[PDB]
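Note that the chains take the letters A, B, C, D, E, F, G, H and I in the order they are written out, and that residue 1 is the start of every chain.
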Amino acid sequence: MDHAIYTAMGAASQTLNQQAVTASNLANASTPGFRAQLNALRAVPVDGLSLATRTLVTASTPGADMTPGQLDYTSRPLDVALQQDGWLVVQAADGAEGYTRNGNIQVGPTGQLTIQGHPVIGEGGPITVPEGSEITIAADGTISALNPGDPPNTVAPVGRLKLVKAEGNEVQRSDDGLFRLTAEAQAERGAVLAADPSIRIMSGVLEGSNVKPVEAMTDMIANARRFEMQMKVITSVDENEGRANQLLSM
Amino acid sequence: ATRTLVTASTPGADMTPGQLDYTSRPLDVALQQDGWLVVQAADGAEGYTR
Amino acid sequence: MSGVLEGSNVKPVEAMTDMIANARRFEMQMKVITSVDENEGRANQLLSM
Amino acid sequence: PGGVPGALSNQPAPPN
Amino acid sequence: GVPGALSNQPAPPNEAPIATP
Amino acid sequence: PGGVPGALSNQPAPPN
Amino acid sequence: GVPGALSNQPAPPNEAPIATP
Amino acid sequence: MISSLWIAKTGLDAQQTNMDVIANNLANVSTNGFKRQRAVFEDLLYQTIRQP
Amino acid sequence: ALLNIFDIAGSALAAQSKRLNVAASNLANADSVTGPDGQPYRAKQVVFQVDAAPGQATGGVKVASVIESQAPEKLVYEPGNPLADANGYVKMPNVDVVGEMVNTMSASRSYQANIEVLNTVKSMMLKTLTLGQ
């Protein structure tokens, strides 16, 4: 054939990949502490002899969007929201250290703090709270525990949440949705991120997802139009080859 | 081996509980999830229903 | 529980999505059938002379 | 000497 | 040589890098 | 010998 | 058994089971 | 299931579940000692097609 | 030699028919959840390579083998499915629909081209037999 069909076909398939990324972003429009994935087409030119005429296209995801999200006021002392460019630290699935923005902190029957089922990490490691005690979280992450039955004079600090500062260019979303330091950024900032004392959190507010609707809509419209354009090129190339095959007769 | 055909099958049914409307009738009964009422089928057998 | 009646559990979103997928899957099967039918004609013409 | 003749050999891929 | 002509040596391998090293 | 040609034979059937 | 060749023995009967048993 | 009709179906189902939770909260306003429900959602596994 | 063209073009026709069959099988089973063994349907692909064993560089086309794709099987969340893993994820085929459609069309076109080559060579060989009346 004329491999021009293999260019428009790639452009049509990567458009479906982009649509699958955008639809995934739209599905998580209500996920607490969600970071939308950025999608971008990139052109790769095929090198060779003689005339460079073919340039294929692939969909890539250049990190995520770190724009602080919406803040819903839920009058719950455990749901916390972070200052812009600030991350909470939890223990990842494989016993590693991961970063998140979901402040929906839950207390188990044994007293351990968890986020989405992952243990919460402080300066002393995972945080264990006295069993069945009221928890208040300060602006700088200090945790006060009140034991029921005892007077409010008993309120004393227990542990401090680990709050780190990381930009978009330094973190990469792992396969389980937890952000981790990229290789270059890890090599310069060390393996574990030191807690930043300047990070402030707000207790009683939960951060929503930063999925922008207007950009999503425009992206879907553009993707549909591009897919139709590639289909019209594919049809034209197929029609051309069908007659060109007549040259072999007689 | 290049040919792989496809056939459409029905692997059972969906047992998620449905909607519950409130009819002020003392005979209308609803069961808890994964629960079945027992009736006598057409062919003298035992059947389960919701 | 007495005094309430349990309805059906058919999900409309699942059914609508399945119907759309079914239609746009058939169309592709009809395209492949047409392609094979068109292909067989010239193979048949090969048997001349 | 050859490979998959179509979609799976005409799409960009990371190197091995 | 000019395109469509005949040469004495094979064309070089064709590769499209997604990101240059 | 042979059976029904076309659609009926080239369709999966329960074993029997 | 090269495809398109001639062999003395007949081809085995093909089968398409929906279930392994 | 073209991977874009499944992803959006999942979102539709999630929004329907959230609406069911909201309707349950609103219907049980007059009940005594009722604690309101809140729906929490999490994105599933992220699939890596090609490494950076 | 014009006679070897018969073998060359027949090999090409058979190989392209196999490729189109693989593409049609992939298109048909793009939504299959399971197979007889309980394993998901993996997209199949043919392997094309030349066959010029008796000291030649060009000899036509033959399909060395049919191989299943190594691209990632699509994971869909479904905890009620008997085939779901520990996390509740079900594996689904990695078929590229647009890729298989383009493969169908391209296979048909090159199959037709080889048909035309065979017809032309047959006509030339027919005309040869009348050399000098």
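Heads up, the rule we're going with is that a residue touches a chain if its C-beta (ideal position, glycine included) is under 8 Å from a C-beta of that chain, and two chains touch if they have at least 3 such contacts.
Chains and their UniProt names: A = Flagellar basal-body rod protein FlgF; I = Flagellar basal-body rod protein FlgC.
J.: Can you list every chain that touches chain A and also touches chain F?
T.: The shared contacts of chain A and chain F amount to nothing, since no chain touches both.
J.: Steps needed, at minimum, to get from chain A to chain H via touching chains?
T.: 1
J.: Starting at chain C, find the fewest moves between touching chains needed to arrive at chain I.
T.: Steps on the shortest route: 1.
J.: Looking only at C-beta pairs that count as contacts, which pair of chains has more of them, A-D or A-I?
T.: A-I
J.: For chain C and chain F, let me know how many angstrom lie between their CA-based centres, rounded off.
T.: Once rounded, the distance between the two centres reads 22 Å.
J.: Hey, how far is the Cα centre of chain H from the one of chain I, in Å?
T.: Here chain H and chain I have centroids separated by 42 Å.
J.: Nearest whole angstrom, what separates the Cα centre of chain D from the Cα centre of chain G?
T.: 31
J.: With chain centres taken as the means of their Cα atoms, state the distance from chain F to chain I in Å.
T.: Averaging C-alpha atoms per chain gives centres 25 Å apart.
J.: At which residue positions does chain D touch at least two other chains?
T.: 6-7, 11-14
J.: Return the residues of chain A touching two or more other chains; collapse runs of consecutive numbers into ranges.
T.: Within chain A, residues 6, 9, 13, 16, 44, 56, 58 contact more than one other chain.
J.: Listing for chain H: what residues touch at least two other chains?
T.: Those would be 1-3, 6, 10, 45, 47-50.
J.: Give the list of chain I residues in touch with chain G in this complex.
T.: Listed in rising order, the residues are 10-11, 14, 36-37.
J.: For chain I, which residues count as touching chain A in their complex?
T.: Residues in contact with chain A: 96, 98-99, 102, 105-106, 109-110, 112-113, 116-117, 119-120, 123.
J.: With touch defined as at the start, can you tell me which chain B residues reach chain F in the complex?
T.: 5, 7
J.: List the residues on chain A that touch chain E in their complex, please.
T.: 42, 44-51, 56, 58, 60
J.: In their shared complex, at which residues does chain H touch chain D?
T.: 50-51
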